[PDB]
Structures are given as C-alpha cells and as structure tokens.
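Residue numbers (the deposited numbering), protein chains in the order written: chain A, 58 to 197, 204 to 276; chain B, 14 to 26, 30 to 42, 51 to 257; chain C, 186 to 232; chain L, 2 to 108; chain H, 1 to 124.
By construction, the Cβ of each residue, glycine as well, lies at the ideal position given by its N, Cα and C atoms.
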Amino acid sequence: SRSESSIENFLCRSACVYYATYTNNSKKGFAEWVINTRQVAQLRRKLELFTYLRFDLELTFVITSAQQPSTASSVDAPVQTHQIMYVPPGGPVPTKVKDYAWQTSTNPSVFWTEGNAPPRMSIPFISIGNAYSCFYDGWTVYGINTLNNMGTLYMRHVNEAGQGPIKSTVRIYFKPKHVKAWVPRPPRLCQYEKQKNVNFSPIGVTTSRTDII
Amino acid sequence: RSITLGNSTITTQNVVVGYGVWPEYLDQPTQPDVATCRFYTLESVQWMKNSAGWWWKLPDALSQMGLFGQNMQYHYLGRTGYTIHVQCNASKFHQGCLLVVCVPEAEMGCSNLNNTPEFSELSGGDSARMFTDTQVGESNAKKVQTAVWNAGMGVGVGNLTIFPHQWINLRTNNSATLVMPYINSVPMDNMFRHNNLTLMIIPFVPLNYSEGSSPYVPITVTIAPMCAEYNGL
Amino acid sequence: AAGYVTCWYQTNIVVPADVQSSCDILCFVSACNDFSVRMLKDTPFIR
Amino acid sequence: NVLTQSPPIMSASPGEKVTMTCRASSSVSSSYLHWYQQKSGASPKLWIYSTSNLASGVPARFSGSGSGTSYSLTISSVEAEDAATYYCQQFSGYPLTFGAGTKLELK
Amino acid sequence: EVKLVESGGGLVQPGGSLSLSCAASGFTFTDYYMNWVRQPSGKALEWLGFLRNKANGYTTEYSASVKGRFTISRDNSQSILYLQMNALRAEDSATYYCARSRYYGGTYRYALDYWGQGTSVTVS
Numbered sequence: 058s059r060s061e062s063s064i065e066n067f068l069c070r071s072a073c074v075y076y077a078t079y080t081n082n083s084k085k086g087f088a089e090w091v092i093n094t095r096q097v098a099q100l101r102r103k104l105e106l107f108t109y110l111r112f113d114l115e116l117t118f119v120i121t122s123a124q125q126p127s128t129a130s131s132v133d134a135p136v137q138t139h140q141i142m143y144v145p146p147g148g149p150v151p152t153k154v155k156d157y158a159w160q161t162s163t164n165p166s167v168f169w170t171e172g173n174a175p176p177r178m179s180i181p182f183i184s185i186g187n188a189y190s191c192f193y194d195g196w197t204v205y206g207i208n209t210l211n212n213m214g215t216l217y218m219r220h221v222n223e224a225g226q227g228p229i230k231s232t233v234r235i236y237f238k239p240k241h242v243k244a245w246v247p248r249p250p251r252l253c254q255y256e257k258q259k260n261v262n263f264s265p266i267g268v269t270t271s272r273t274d275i276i
Numbered sequence: 014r015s016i017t018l019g020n021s022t023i024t025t026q030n031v032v033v034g035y036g037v038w039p040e041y042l051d052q053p054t055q056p057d058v059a060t061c062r063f064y065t066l067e068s069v070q071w072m073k074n075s076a077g078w079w080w081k082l083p084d085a086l087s088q089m090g091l092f093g094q095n096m097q098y099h100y101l102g103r104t105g106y107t108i109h110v111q112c113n114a115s116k117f118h119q120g121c122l123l124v125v126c127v128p129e130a131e132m133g134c135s136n137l138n139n140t141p142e143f144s145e146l147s148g149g150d151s152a153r154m155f156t157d158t159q160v161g162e163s164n165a166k167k168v169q170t171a172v173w174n175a176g177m178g179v180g181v182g183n184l185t186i187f188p189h190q191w192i193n194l195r196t197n198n199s200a201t202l203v204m205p206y207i208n209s210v211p212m213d214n215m216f217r218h219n220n221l222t223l224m225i226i227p228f229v230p231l232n233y234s235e236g237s238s239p240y241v242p243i244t245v246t247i248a249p250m251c252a253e254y255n256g257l
Numbered sequence: 186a187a188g189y190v191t192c193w194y195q196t197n198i199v200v201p202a203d204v205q206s207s208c209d210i211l212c213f214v215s216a217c218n219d220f221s222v223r224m225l226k227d228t229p230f231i232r
Numbered sequence: 002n003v004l005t006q007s008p009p010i011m012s013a014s015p016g017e018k019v020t021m022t023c024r025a026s027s028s029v030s031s032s033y034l035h036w037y038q039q040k041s042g043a044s045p046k047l048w049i050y051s052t053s054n055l056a057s058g059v060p061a062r063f064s065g066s067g068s069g070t071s072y073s074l075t076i077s078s079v080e081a082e083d084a085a086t087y088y089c090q091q092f093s094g095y096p097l098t099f100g101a102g103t104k105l106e107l108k
Numbered sequence: 001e002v003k004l005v006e007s008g009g010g011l012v013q014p015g016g017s018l019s020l021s022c023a024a025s026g027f028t029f030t031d032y033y034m035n036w037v038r039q040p041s042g043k044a045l046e047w048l049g050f051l052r053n054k055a056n057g058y059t060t061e062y063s064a065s066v067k068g069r070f071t072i073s074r075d076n077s078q079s080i081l082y083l084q085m086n087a088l089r090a091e092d093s094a095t096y097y098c099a100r101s102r103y104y105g106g107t108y109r110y111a112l113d114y115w116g117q118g119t120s121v122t123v124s
C-alpha cells in the first residue's frame, strides 16, 4: 500500500483558495484575484516541500447569489449571468465595471447563467522558464522572481439592475494536474507571517518534556 | 592524492556527488576552461568554543577571485558547477562535530517582519558571514535573522540533512568533499542577481579541549568551478 | 628580475597539550638534470 | 510585554514564611525569568536564575516556582539580612523589561 | 574574581554629548556578553543594550528608545568598554551600571550576574 504517497496523489487535490463578494449596482462591484500559491496556509506548506514544480491548472467557481433589501413594489428579476475574465501575464487590466478591458479579444472569458453546472476552465503551464520556482534567492527588490506570473481573474455581472440590488459570492477552487516535482526540501517549522516573503519569528524546535529520562 | 588543476595543487587522501549526476556541458555559448578551472582557496575561518556557524553564497564568494571575477562582469549569462573541499585540522585531543551542507536556493528572512535584507548583509564578498546563538533584534531596519536553531530560513535545523551533506567528525574523519551540479529552472542565468547555491557549516557538538591545547581549530574551504560556459560574442 | 619563492601562512600551527609549538623548516636545492653550462672562467670566491 | 509585581510594599517579622508574585501580561518561557536583589544604595545582585535555580553564594532559604504567566518567589524563614528590594526580569522579545519592585521591610 | 569599575560620569548640558567607560579585570574579556543597565533615582531599572563576544562577531543590540542616540563599542587592545551618548535630554539623568553575562548550560539564558559599582550622570 505504497501508492498514496506518490506525487500525483499527494498534490492533485481541490482546495478553496479565494472567497469574494461583488454587487451589481454599486459601480465598484467586481472581484479580483492574482493567481498565486501563497494564499492559504495549508496548501502553501504542501507546496514548499519541493523547490521546482511544473503543473497544469484547473479552476472551478461555485457562484451563488443573494437578494439585497430593495425598496418596494414587486421585485422580479430573470436569471442572472456572470462573466469570469482571465487576463494572461502582461495584458490589459480593468479598473471599473464598464471598461474597455472587458470587451477585448485576447482575454479568454466564460459566460455562465445561474441554475446549471459550475463553470470549469483549465489553464496550461504558462511560463518562459521550464519550471515554476517556489523559492528565489536573488533580486528582481529581494526574492520576487518575476518569471512565474500566471495571471489574474476578474468577475462581474452582465445584467443591469432594474428594481433590486443583488450581491453574489464566489469560491474559486484550485486543482493541479500532471504534477512533477524536483529537489525536495525540509518542511517549514515557524508560522506564516506574510504573503510575499519568507519572514518569520524565531521559535523553539520542539515542545518540551520534563527530563531526559 | 596530490591532484592538480591549472596552476594550483592540493593534497587529498570519500566524495559525495550531488543528486546523483555529474557536472557536464549542455545565441551561441563559449566555453573557457584553461583559466577558470583552478582551486580558489578562500581564507580560513576560526572555530572557537562558543561558535555558531558560517555561510557563503556561492557565485558571489568568487566575485573578486582573479579571472573568474572578470568573466562575471564581462559576460551577461553563464552556468557552472562546483567542487568543494572542506578540511579542518585538529589534533587527537580536540573533540567536536561539523555539518557541511550545500543548500540550493536558500532564501533568508529579514529581522523586521515587513522588509527584506539588504545586499551587504546577505553575502560578504569573499568573507564568511556568521550565525549567532541569540536572536537578532526587531528594532533594526534590515538585517538577516540569524538564529542558528532555525538556520535563517525558518526551518528546523535538524532536518537540514535532506540536502547533499557530509559529516565531519573529529574523532574519525577530517575532511569533506562535495560535487554540485547546476540546479536552476532556466538553462542559463545571470550571475549577479542570483545566488543558486549556499554552503553552510554548522557545529552541532561544540569544540572542547583541555587547558594547554590551542584554543582554535581553523577551517579551510577550497572551491573549483567545473564545466563553466558563458554566453556572448 | 628573475622570480620569487615566497611562502605564506595559511592557518596557524594547531598543537595539543604538552607539545612545543615552535617548529622549524629546512629547505633543499638540486639541479633538475637537463641543464647545461658553457664558457668556463675562474671563481670569485678567492682573495 | 510588561511585568507587574505585587505587592509593592510588604512587611514581615523574623521567623515567618513570606512570598511575593510577579505577573506577566503575555506568556513568558520558564527558562527566561530571573530574580534580583538590590540592597539600600548598592549595586544589584543576581538571586535566582531560570525561575527555580539558586545563584552562587545565596542561602538555601529562597526558592522560586511558578510557570506560564505567573511566577512567585517564597522565603521559608525571614532573617535580618534579607530586607531589600526584589525585581523580576523576563524575555519574550526585545527589550528586556524589569519589574516594578517589591520592597521587604522588617518588623 | 570579577572586578568591574566604570567612570566618566558628571554634569553635562542638555543637547550635549558624553562618553562613559567601563573597565573589566579578572577574566577573559573576549568571551562574555557585556550589557548596560541604567536606573533613575529610586525607580525601576531600564535596559539599554549589549555587545556580543568575539565568537559571534562583536555585534550590538540596542533598545528601542535609545536606538540611534547611544553607541556601544569596545577597544581592541586592552579590556575596556565604551558607551558614546549623543543628544541628551532631561530624562537621561540616571545611574549607569555595567553588567556581565555568562553561559549557564551551553545555552545563553539572559541573566546578568556581575554588576559594576555604578556611575552617575545628571543633566540640567
């Protein structure tokens, strides 16, 4: 029973990494997420066991809505539709809801009505180098590594509101595929303090006992 | 015994080689060999009683060492391998134990929780930086956190043996030898912005001697580049 | 100029207890067997 | 991190058993808390290091204890030379903060 | 025996500078951490900073309030210890000590065993 410790069965799991809200009428309701691996603390520790990784990606969004308190007089709305835009590394970036960057041509986006299966999409391995780098001892600012930059995501409604505000949440799920690892490293002892860097506070090695015998 | 390279010669007598591979060759690159393949002996550090440890950043420690320091500034890219010889000379009346490890991509953490360490405090130009056995303060601006029981990387110091390592035990052993290939994602990288290796020496069981013996044991590190090739016309 | 044979301390002399530390070094010289001479003269190591 | 000792002034007759406390705001490790004793107009002296171990040349009447965030120093029998001021020290992060001070006046 | 004396105290104007000196005798000076603890007139003690031994590179770790104003250093030839003060204010009138530290196990607990006799510095 030695096969559940394989790399394909150790890292190819699904994990909630982001959770954001956006409303439709407030003229600054749209989500935002720069795709990285250092978001949640549990998935980060399983990825810093190795130094160089290489994987495809699979994202699945579980989008739901909830009615905000409107004014009066028989609120009725049809089914809603969301647009989940993906910006490649080095592309145009939106800044408002109604913007030029949404209707561009080289940003692949999905359109999804409510009441169906949730909208999966898959991102291939996009990098100039031959592998992602989980660590980088060198300057670009120290320890940044501008080579593994996978892109950003953007979500918004495409229905204009007529009688009632509607806010919606979204839980981005995350799943690597065809994982290859290289050069293993010892697991992190100290806690995780910041997102960008590997800064820490010093801690004892092990919990203590009363004597040696 | 008595190996020679270029115009330099050392004297040896067990060698552990990398991750199982030997360092070998691959616009267009040029391959200089007659003037870089020699033993650049770094100067010796002293091991006292209450010592803590040392570290060198590897393509930074040879940045002023002769012709290898000239090819780092003239050529933009490049890739090398290394061959490290460590040997400390103690008598039969001393005792202690070292750990000679060679960490690839050893990203260190600053003392302040928000900043990143400056350039002069990560790597001393052909001079060994030192760990401490106490904490580094929080109030100073930008300095490397050098608590030795966390090895400066926020990791357990005991689990550092997963990297290619070699024990120096003064009871039975005297020397260590490592051969490290080129480990990087891109096939040819810059040599100023990046330090792809880090050689660490940590004393686990500290030095001890009786009254009368010499109170320090010097360590000598000798590095030699292997299969280097640069990029230019 | 014709050369120099200077010698440098790398590390100190590490020595145990109850041993002297001041050691000495002798130096020898010879001919490497492929060398020739010509045009004999008299020696200047005389009155 | 601050240390609050209690009581600030404490009096005891010779022959009784007396105790003082030293309370921290956060959790301080048990091996990093020491006790000092400064007499009237003299330099201070180390009394108990690592919260339970006696110093060199101290009498065996003193004994410290406690763990977590509350530590205590108790004297078994009060004599005539142990009327002074006692401080407690800590280290969880820099700097090293001293206590307020507990004064022991004889009766 | 451990014998620590210190001198250099006196009166000095606010906004001025003053240099103390603490001398050590009776032990190997390049082996122990040397602290600096001041104390106001009958109040609680305050810690300023220490300087590590030769095996750790002679670095300093000041406190938070005196960072940039004070300066701790030692002299290479003989066994003496310095403290360079700058930009003195009215609250620096205190009694300055000169403590030693030591290794109890092979570990470094943060105790201060041997203290100097104490010099005084006032400002006005």
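Of all residues in the segment 232-243 of chain B, those with a C-beta nearer than 9 Å to a C-beta of chain C are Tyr233, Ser234, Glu235, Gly236, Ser237, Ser238, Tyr240, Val241, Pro242, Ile243, reading in chain order. Chain-order list of chain C residues neighbouring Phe117 (chain B): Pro201, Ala202, by C-beta distance under 9 Å. In this structure, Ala248 (chain B) places its C-beta atom within 8 Å of the C-beta atom of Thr107 (chain B).
Ranked by how close their Cα comes to the Cα of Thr52 (chain L), the residues L:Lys104, L:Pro8, L:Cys89 have L:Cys89 in first place. Using a Cβ distance threshold of 8 Å, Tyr72 (chain L) and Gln38 (chain L) do not count as a contacting pair. By the rule that beta-carbons nearer than 8 Å mark a contact, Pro8 (chain L) does not touch chain H.
In the pairwise beta carbon analysis, the segment 138-145 of chain A is classified as touching the segment 216-232 of chain A: at least three pairs are separated by under 8 Å. In chain order, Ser209, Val210, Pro211 make up the part of chain B whose C-beta sits under 9 Å from the C-beta of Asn187 (chain A).
Legend: CB atoms of the segment 145-164 of chain B lying less than 8 Å from CB atoms of chain L belong to residues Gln159, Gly161, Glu162, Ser163.
According to DSSP, residue pairing for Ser179 (chain A) in a beta bridge involves A:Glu115. The C-beta of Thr196 (chain B) has fewer than 16 other C-beta atoms within 10 Å across all chains shown, which makes the residue exposed. Closest option to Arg70 (chain A), judged by alpha-carbon separation, among A:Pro181, A:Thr117, A:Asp156: A:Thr117. In the DSSP assignment, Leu221 (chain B) falls within the beta strand (DSSP E) that extends over 221-232.
Looking at A:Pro175, A:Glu115, A:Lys85, A:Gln99, the one whose alpha-carbon comes closest to that of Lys155 (chain A) is A:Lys85. For a cut-off of 8 Å, the C-beta gap from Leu51 (chain H) to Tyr58 (chain H) is around 7 Å, short enough to register as a contact. Using a Cβ distance threshold of 8 Å, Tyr254 (chain B) and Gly105 (chain B) do not count as a contacting pair. Nearest in C-alpha terms to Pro242 (chain B), of all of B:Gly77, B:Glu162, B:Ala59, is B:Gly77. Look at the segment 78-105 of chain H: the residues with a C-beta under 9 Å from a C-beta of chain B are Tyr103. At a beta-carbon threshold of 7 Å, none of the residues of chain L lie near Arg38 (chain H); the nearest stands roughly 11 Å away. Contact between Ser32 (chain L) and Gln117 (chain H) does not hold, since the beta-carbon distance rounds to 29 Å and is not under 8 Å.
At a cut-off of 8 Å, the C-beta of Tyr88 (chain L) has a neighbouring C-beta in chain H.
Nearest to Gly178 (chain B) by C-alpha distance, out of A:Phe263, A:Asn164, A:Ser131, A:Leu114, is A:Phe263.
Excluding the 5 residues flanking it on each side, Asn164 (chain B) has same chain C-beta neighbours closer than 8 Å at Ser135, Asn136, in chain order. At a beta-carbon threshold of 7 Å, none of the residues of chain B lie near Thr209 (chain A); the nearest stands roughly 11 Å away.
The beta strand (DSSP E) runs of length 3 or more contained entirely in the segment 3-90 of chain H are, from start to end of the chain, 3-7, 18-25, 37-39, 49-51, 60-62, 70-74, 80-85. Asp157 (chain B) sits buried, since 16 or more C-beta atoms from the chains shown fall within 10 Å of its C-beta.
Note on geometry: alpha-carbon atoms of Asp274 (chain A) and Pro247 (chain A) lie some 34 Å from one another.
Rounded to the nearest angstrom, the Cβ distance from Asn173 (chain A) to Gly148 (chain A) is 28 Å, too far for a contact under 8 Å. Burial state of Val168 (chain B) is buried, judged by a 10 Å Cβ sphere holding 16 or more other Cβ atoms. Your pair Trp36 (chain L) and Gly65 (chain L) checks out as a contact, with CB atoms roughly 6 Å apart and the cut at 8 Å.
Where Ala13 (chain L) is concerned, the enclosing beta strand (DSSP E) starts and stops at 10-13.
For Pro247 (chain A), the enclosing beta strand (DSSP E) begins and ends at 229-247. Using a Cβ-Cβ cut-off of 8 Å, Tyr95 (chain L) counts as an interface residue toward chain B, since at least one Cβ of chain B sits closer than that to its own. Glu115 (chain A) places its beta carbon 8 Å or farther from that of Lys243 (chain A).
Contacts with chain B at 8 Å (Cβ-Cβ) do not include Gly26 (chain H). Looking at B:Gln119, B:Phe117, B:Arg153, B:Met89, the one whose alpha-carbon comes closest to that of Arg62 (chain B) is B:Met89.
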